[PDB]
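Quick one: structure below, then a few questions.
Chains: A, B, C, D, E, F and G, in written order; residue numbering restarts at 1 for each.
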Amino acid sequence: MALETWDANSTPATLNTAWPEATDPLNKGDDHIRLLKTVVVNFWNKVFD
Amino acid sequence: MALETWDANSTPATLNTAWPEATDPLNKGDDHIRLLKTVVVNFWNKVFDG
Amino acid sequence: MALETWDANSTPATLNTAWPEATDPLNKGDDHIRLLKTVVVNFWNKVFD
Amino acid sequence: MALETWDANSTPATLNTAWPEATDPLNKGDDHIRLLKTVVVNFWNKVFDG
Amino acid sequence: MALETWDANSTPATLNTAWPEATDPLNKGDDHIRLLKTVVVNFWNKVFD
Amino acid sequence: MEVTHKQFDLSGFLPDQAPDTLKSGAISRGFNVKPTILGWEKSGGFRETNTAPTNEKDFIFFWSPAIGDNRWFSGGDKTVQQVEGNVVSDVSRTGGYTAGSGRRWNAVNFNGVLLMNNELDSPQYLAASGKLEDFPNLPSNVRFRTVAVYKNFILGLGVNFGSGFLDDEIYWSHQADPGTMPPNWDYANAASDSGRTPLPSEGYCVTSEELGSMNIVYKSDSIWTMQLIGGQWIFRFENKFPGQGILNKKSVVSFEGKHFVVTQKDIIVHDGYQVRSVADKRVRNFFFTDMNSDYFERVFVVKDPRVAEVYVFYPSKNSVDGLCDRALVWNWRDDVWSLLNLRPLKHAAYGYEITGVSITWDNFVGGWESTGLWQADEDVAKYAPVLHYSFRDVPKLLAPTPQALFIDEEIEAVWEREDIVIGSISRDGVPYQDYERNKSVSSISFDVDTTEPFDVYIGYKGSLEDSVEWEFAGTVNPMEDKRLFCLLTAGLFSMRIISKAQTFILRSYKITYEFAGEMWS
Amino acid sequence: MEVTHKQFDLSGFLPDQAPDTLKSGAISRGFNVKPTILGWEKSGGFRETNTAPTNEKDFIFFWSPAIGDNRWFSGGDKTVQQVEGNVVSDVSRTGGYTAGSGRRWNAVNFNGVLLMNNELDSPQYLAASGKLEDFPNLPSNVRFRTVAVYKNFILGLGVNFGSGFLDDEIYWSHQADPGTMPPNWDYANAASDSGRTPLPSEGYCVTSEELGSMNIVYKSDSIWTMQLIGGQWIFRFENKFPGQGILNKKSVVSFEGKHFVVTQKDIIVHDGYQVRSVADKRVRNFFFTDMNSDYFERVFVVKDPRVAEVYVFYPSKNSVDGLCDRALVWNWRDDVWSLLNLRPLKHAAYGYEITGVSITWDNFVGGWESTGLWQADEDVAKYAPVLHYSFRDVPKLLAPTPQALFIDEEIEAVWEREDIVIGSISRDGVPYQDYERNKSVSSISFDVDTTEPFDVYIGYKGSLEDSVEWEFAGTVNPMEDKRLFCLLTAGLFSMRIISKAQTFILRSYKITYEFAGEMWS
């Protein structure tokens, strides 16, 4: 639940929709935003280039 | 449920830019993060390799 | 600050990964989430109908 | 419990030199020996091969 | 419970914290002190030499 | 060859059997881990609540006539206070109770009224006024060691009549009407025998508090039943299950129409029809060999409302102040035992928790590194209560949390198994221990679900008579790798895992080994 | 080598066990599929009925004194309407009920009379006149949280006496004769105690509504029984099954002389003799981890008359308006659990449906592409009722249909299993998981009964600590071919099937694989 195992080239494939669970910790909040940012940038780079 | 009405198969068209306002409760933040994940995946599969 | 300058016309190009940071204040969490929403919408719009 | 307050993960810093006084009850002597064992092991693992 | 099997070069490795049990015999008291003495001397010799 | 020991077979803490033979999924020592169908996972930590009595505590009771009426009682020494909302108010008798109370406070709800007995001063009831007042129509000198209720009669045990203590009981009262204190004690007129009964036995009639429908009375050394028959003799008495006593006045609880009792010699569950000795080859010896016993009155039994568990708090030998440092947790949905190593504790009880102000993005004061969960805790399970714990060196009462950080500080867990089964394999596919040859260990491979790093210790002994000697194998970071390499030869092997992390779930592990001759000594 | 996993072993949704070990025929996620003896088939859709109340709805009850007298009640907010035939008529009290009602409307048949309590206004009964009127011989101020009946006595729970709420109950009435409202409330004269009873417990006496023959009263935290004994004391009370409460006033139902109850900590079935914890290692954790809990009062339990199933509607975390977006379906003929992902819903109930005008070749207005079934729906099962559903954004009430088209729009289904069992095979012919070697997958072969096309996703993870990563395998059209080719190497594999089609039945599948070394991280 905490976070999808991830790295700079994770892409939209590594996204678990259910992962930010209700009782899950706040300290993991920053990470979830960043996973989303990396994913969006790579997708844009892939299909606009 | 003061967020964009959302459902399992919604596209990114559904997302609204200003709804997560500052006064809003922290509890529904998870709902906003997961809303974002669902939409990105759906758009991706529909056009990128679908 | 660690919040990217942004405007309603922001492209996916604006985000810098690593920005929501462990030290960053929680009060900026909504703003970071909102940036992501503006960035995502513009590309679905530019590339899709 | 008239001994150094002790816990499972305590360091040797916790130990006190004069508390096992002569008038003290023999029954709590085991508590003093085991206190000593716990501390030595912990110090050892932390610095010697930790 | 009585005593860790031990010799002159036992070291802190052979210490069972739980071993001096509550109902255990007094006659084993001397031994427990000595195990502790040997252990301390060897540890000091090892790391101060 | 390789041997694979898989957890999640629901065996649990078995410190009474021989370590050499306990089955995979069983451990011999360790704490702060509990067995599930997922593996051997790590227990959560503690948060803080708003309740704070600022007295000696030592006892907490819950009162709530209706929804939203969250009233907390904290019965300390010489002072009894009421905690409601953000205020603490005194409710004690005009004459404060005598010293030493708080080790002996008992409370019970009698059709809507609260009664407290310290045994060191006259029984009290909370009056309509809002102050605990002494008993209404009973002579002042008489004292009961404990106060219980059976339907409309308030019972008393271990009665002193002004001459001395007799260890026998009184059917006090004459049928108080609901909502009212009892008319009178008169064992001579209206209720005829309104008491004075021998209950002969070698023991002292500790607690008769629980009812299965027919009150069960527990004397040390024996169990007896009670039934309302009426007439000249109000009650009937039989001796059921001689030889099974009760340890303490706080060691009984009910669940699903059965009772969990800590007897002086055993832990049992019963329904009047028969008895069953739970804990017999698992944990019976350990509990009585690790209890101090100078303090035997300091144990108590609590039931978790959110999850099916029974907690047995007790002092250890290592305790110096006589408080409680450990617990034996029993899961009755699936029979397993656990052990928890926690900071000194006075008492614990469960009750509803009031809500809190909504947290908003604007009002939050911490960086992402601060503690919390997405849901403000009260909101979680607004449907059920939550255990509250009084901890002696902590100013405010605490509650369990899924997060494992205690207040902020970290909790360590230890997972230890002694004399792992390494040897031949049966044709059925199950391994069995070989006591006649030496063995040589090459690697250990872990199947875990956690991502954070842990330490692994390896122990080796020449033969059964020897003691274990420990070697530091190294640190395992599962994401980078899940294997560990070490070369050792010995008669028998044991492994210990120590972790300080939020999450730790262990699914299985395997060992690669070879046979290396014969065992001599 | 090949491994063949066969469905139709009746295992079903098991989201609480470790995915790696759940058996073939079990899945870890997915929705809109239910397990049968045929395989893993897809559930049907929804049609529309003629009933439409055009008010806020929020509650629907059925009234029918005789055959053909199909009367539908829709209790909304501040207005209660009656829907009969093609007309909607108002039946509310002269003083419309207070705001917030409709979240709390309960109804019950008392020997032929209908009673509704909103808890926010005085209890009402439907008078002979045809308007709900307030209670006949009871003082105005008193309020009951819920209204139930036991033979000839109408009971009330959580009673307010004009001073406040006490969370205790009144044996209201003095034996109303059949067809008549009760004579009087007088807890002092003719019926002697016609109420005022404590029922002491830590909880608040939620619903005592159901009867097994002896009414069972459910308090939060405990179960109690009730029996009619007569005399000075009209009723008797015992505490049966302490520790098992009830979640909500709408979470109880009866079937075959047993009760299905959603307790705050568990889901259980009981008959007074004993209890059984259904849902313990399957679905217990998932239900309480996916419920929001801000709303716990919004859940309800319904029984399907046509087929043996129990529906547990509840809100999800993803719900924003607090309505109900999901359901846990239990089949009691054969113990399986299912999950349904459906549009926001207010309430649901079952009742007889009126017929419709005969469809003739001359009057039909659509091309072959239009929706329908050969039998006009009402004609189908004229012998039994049909569930009716109020859906919030839909103008008219709906009913289930074998056809899967919703109104016209399509329903998607997801079938997902995590960490499929790929490894060696036991001599008995059963496969078991191997956690120590990497594997390489060549092809997947499907045995299905549907003819329409579907999508297949393949997931791979290095080891247990990692997360699943998904790859799009392709689209499978069974008539053209039933095989799919992909080359992947990884530690563990998972598969997901998504279909949007009228029919989809899955019988089995097999995987061809080879071993590819050893697993590192």
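A few notes on this one:
In the analysis below, a residue touches a chain if its C-beta (ideal position, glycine included) is under 8 Å from a C-beta of that chain, and two chains touch if they have at least 3 such contacts.
Ranked by C-beta contact pairs, the top pair of chains is F-G.
Superposing the C-alpha atoms of chain C onto chain E requires a rotation of 165 degrees, rounded to the nearest 5. The pair from B-G or B-F that reproduces the interface of D-F, where over half of the contact pairs by residue number are the same, turns out to be B-G. Chain centres here are Cα averages; for chain E and chain G they lie 65 Å apart. Each chain gets a centre from the mean of its Cα atoms; for chain F and chain G, those two points are 36 Å apart. Centroids of chain D and chain E (each the mean of its C-alpha atoms) stand 14 Å apart. In terms of their C-alpha centroids, the spacing between chain B and chain D amounts to 57 Å.
Residue positions of chain G with contacts to 2 or more other chains are 294, 317, 465-466. Multi-chain contact residues of chain A, defined as those touching 2 or more other chains: 5, 16, 20-24, 26, 29-30, 33, 36, 40, 47. The complete set of chain-chain contacts reads A-B, A-C, A-F, A-G, B-C, B-F, B-G, C-F, D-E, D-F, E-F, F-G. Across the interface of their complex, chain A is touched by residues 12-13, 15, 17-22, 24, 26, 29, 32-33, 36, 39-40, 43, 47 of chain C. Listed in rising order, the residues of chain D touching chain E in the complex are 29-30, 33-34, 36-38, 40-41, 44, 48. Taken together, the chain G residues at the contact with chain A in this complex read 289, 292, 317, 465-471.
In the complex of the two chains, the chain F residues touching chain A come out as 368-375, 380, 402-403, 451, 479, 502-503. Interface residues of chain G facing chain B in the complex, by the touch rule stated above, are 294, 317-322, 341, 343, 412, 472.
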